[PDB]
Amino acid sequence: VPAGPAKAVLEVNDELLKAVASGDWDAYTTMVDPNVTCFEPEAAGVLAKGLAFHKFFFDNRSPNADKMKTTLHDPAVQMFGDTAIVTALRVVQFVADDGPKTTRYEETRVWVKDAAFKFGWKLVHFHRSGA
């Protein structure tokens, strides 16, 4: 059974998390616009732009990124023409110096229709912020 627009973007959004979690850069590029912008903890407080910024973290995965477990919670999509706004809570289990920890992030992901992209959608902007 094929997914409608809203279900479809949710699936691609989930697939992107899988790609990031597994360090699959090639997969990342099938879903993310070359001129993607973002606010995220790793971006040091300013808007980061382009894939090169993100590839840096793929090329230098360290040190216990493999122990990490990430899940998306409470996902929702809102459609505005060819734009889809996906909102969710990202919960990350990781190990720190003090032991196992859990952190929650608010995530906004803005997806745009593009039949040229593998799944018919591309990520153009996202905003992730920690609790």
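Residue numbers run from 1 along the displayed sequence.
Stretches 27-35 and 57-65 differ in mean C-alpha B factor, with the higher average recorded for 57-65. As the entry records it, the average C-alpha temperature factor is higher for 93-101, out of 38-46 and 93-101. The PDB entry assigns the greatest CA B-factor among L10, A116, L123, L16 to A116. In this PDB entry, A84 carries a Cα temperature factor that places it within the lowest third of its chain's modelled residues.
Per-chain ranking of the deposited C-alpha B factor places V20 in the middle third.
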